[PDB]
Amino acid sequence: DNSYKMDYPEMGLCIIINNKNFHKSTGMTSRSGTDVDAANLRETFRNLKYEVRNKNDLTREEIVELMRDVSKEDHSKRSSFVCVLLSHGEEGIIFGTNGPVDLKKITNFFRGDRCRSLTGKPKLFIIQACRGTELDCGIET
Amino acid sequence: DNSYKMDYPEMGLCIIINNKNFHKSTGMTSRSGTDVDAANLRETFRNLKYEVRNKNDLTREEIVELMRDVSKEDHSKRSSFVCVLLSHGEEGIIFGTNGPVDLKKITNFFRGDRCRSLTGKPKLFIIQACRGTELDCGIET
Amino acid sequence: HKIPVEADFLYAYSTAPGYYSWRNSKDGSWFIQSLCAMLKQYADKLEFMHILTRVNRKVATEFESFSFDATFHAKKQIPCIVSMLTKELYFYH
Amino acid sequence: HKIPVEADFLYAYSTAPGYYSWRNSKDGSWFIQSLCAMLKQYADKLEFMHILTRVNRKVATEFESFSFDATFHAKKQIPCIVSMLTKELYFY
Amino acid sequence: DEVX
Amino acid sequence: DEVX
């Protein structure tokens, strides 16, 4: 009872949201190099036997709609759920191409009371995004 | 190099701050049961060979002073550092008996560039405190 | 040649961000009760993150609030492990 | 007979709270480069938290920024693993 | 049972 | 190297 059951018929979905180009209103830069990440993640999760879905350049409304829709799928035959977010961010926030959305809005769709076919199963969110604007200068070892 | 070196002459300090009684002008309740925790922690960490220091009912200024002084000690012969905070809290905040202090102020004293005799060693903060006022209703399994 | 100044910290929080944390007036807090039990049982064997995962399961499964106030009754808690550690941590040499 | 609604989530953040996260225009982000390498090497052997701890070490030790702007030069990053998991996770 |  |  100490390890999650990972021998359901399917490992589960791996949704990759890859935001590279942002509207001028956001004041955000283009994220050169993110397609390398998106391709690397798709291959990595394919080798782990996840059903990978890559989505590119989603608005904040599209992000919320995609996550709502995924949370309404029947995951009963899936062991787990993975979501990877590649975008700009600040603390608690990820950017759609047209502006910010609270990470809690995304993850709430998957709470144990709201996505019953994932209750008891691991829900992994991998977040490549800034969390603010502090720099770590490091210390010599 | 996959595991921290824990065979220095001393495991390290375990500082336990146990706040039970709060000034009534804070609006905070007495934390009945916290002395049970503090005694349990003292015994558990004594059995792990930590040098345990228990402090009770510290104001916010006393918490900051204690942590500053501890971070100024020579930890060269210690493998690690543990701090346990038992108090009220909200997100990002722990309470002194007389009011709130940011958790980041406490932990910043131990940053790799500010406490050099703990650089490269594990710094564990164990925090029993609220992080807001949401309740988890749970889901039946 | 350098490491980040924020590396090698572990924050073992009793509860998820935004949430209350629960304490019993007779037995102590649910999280510290469970942490001390799991350290006593497993510190000579398991790596610390795996001990904290057992703490998460103990708090999540064995505790549920009892209150005369229905607003506070039958509530649950999950602790939150925040690791910036760069190595495995074992409490035996 | 119940579990918390917030249980069984893991948030693998690329950086610590409050900090920038670094991305290389040729190689990808430091965190995702490291995460994919460690999953490729260790997913058939190690538990997930231990894989993520190796990712933390790889990002912290092998990367340092290079910038013509001194303000952004020679900077470092540590990822932040946030686990509300209740069991160990092995991908096999 | 009480909250913190 | 760029920031996000």
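Note: hydrogens, waters and symmetry copies are ignored here, and every other heavy atom, side chains too, is used. Numbered from 1 within each chain, the chains take letters A, B, ... in sequence-line order.
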Do D:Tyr13 and A:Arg131 come close enough that some side-chain heavy atom pair is under 4.5 Å?
-> yes
Decide yes or no for D:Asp27 and A:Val36: does some side-chain heavy atom of the first lie under 4.5 Å from some side-chain heavy atom of the second?
-> no
Indicate yes or no: at least one non-hydrogen side-chain atom of A:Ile126 is less than 4.5 angstrom from one of D:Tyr11.
-> no
Could I get the full list of side-chain contact (heavy atoms from CB on, under 4.5 Å) partners for A:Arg53, not counting sequence neighbours?
-> A:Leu13, A:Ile15, A:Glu51, A:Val70, A:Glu73, A:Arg78
Any residue meeting side chain to side chain donor-acceptor pair (under 3.5 Å) with A:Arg60, in chain and number order, not counting sequence neighbours | none
If you take all heavy atoms of D:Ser29 and A:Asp37, which pair is closest and at what distance?
-> OG-OD2, 2.7 Å
State the OG-CG distance between A:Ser32 and D:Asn24, to the nearest 0.5 angstrom.
-> 10.0 Å
Interatomic distance, CG@A:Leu124 vs CG@D:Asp8, rounded to 0.5 Å, equals 10.0 Å
Apply side chain to side chain donor-acceptor pair (under 3.5 Å) to the pair A:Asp136 and D:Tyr20, showing each step before the final yes or no.
-> CA-CA 9 Å; A:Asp136 192 317; D:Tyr20 282 122; over 6 Å; no
How far apart are the closest heavy atoms of D:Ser21 and A:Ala129, and which atoms are they?
-> CB-O, 3.6 Å
Electrostatic pair D:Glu6:A:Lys123 at N-O distance under 4.0 angstrom = no
Interchain contact, A:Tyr50 with chain D, by part (heavy-atom threshold 4.5 Å) = side chain
Would you say D:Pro17 and A:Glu91 make side-chain contact, with heavy atoms under 4.5 Å?
-> yes
Approximate separation, where rounding is to 0.5 Å, of D:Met38 CE and A:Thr44 OG1 = 11.0 Å
Using 30° and 60° as the class limits, which term best fits the ring planes of A:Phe45 and D:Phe91: parallel, tilted or perpendicular?
-> perpendicular
How long is the gap from CG on D:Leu85 to NZ on A:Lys121, to the nearest 0.5 Å?
-> 15.0 Å
Atom CG of A:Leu86 and atom CZ of D:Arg23: how far apart are they, to the nearest 0.5 Å?
-> 10.5 Å
Mind listing the closest non-hydrogen atom pair of D:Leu89 and A:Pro122 along with its distance?
-> CD1-CG, 4.0 Å
Would you mind checking which part of D:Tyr92 comes under 4.5 Å of any heavy atom in chain A, side chain (CB onward), backbone (N, CA, C, O), both or neither?
-> backbone
Minimal non-hydrogen separation, A:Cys137 against D:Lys75, with atom names | SG-NZ, 3.2 Å
Check whether any side-chain N or O of A:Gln128 sits under 3.5 Å from a backbone N or O of D:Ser14 as a donor-acceptor pair, and report yes or no.
-> no
Interatomic distance, CG@A:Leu41 vs CG@D:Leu35, rounded to 0.5 Å, equals 6.5 Å
Audit row: D:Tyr90, A:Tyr4, side chain to side chain contact (heavy atoms under 4.5 Å, CB included) steps and yes/no | CA-CA 8 Å; D:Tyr90 298 86; A:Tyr4 285 111; over 6 Å; no
Nearest heavy atoms of D:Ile3 and A:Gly120, plus distance in Å = CD1-N, 4.1 Å
Would D:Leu10 and A:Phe125 count as a side chain to side chain contact (heavy atoms under 4.5 Å, CB included) if you check the C-alpha gap in whole Å, the side-chain angles of each, and the deciding distance to 0.1 Å?
-> CA-CA 6 Å; D:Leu10 188 294; A:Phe125 290 84; over 6 Å; no
Work out which heavy atom in A:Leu135 is nearest to a heavy atom in D:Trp22; give both atom names and the distance.
-> CD2-CZ2, 3.8 Å
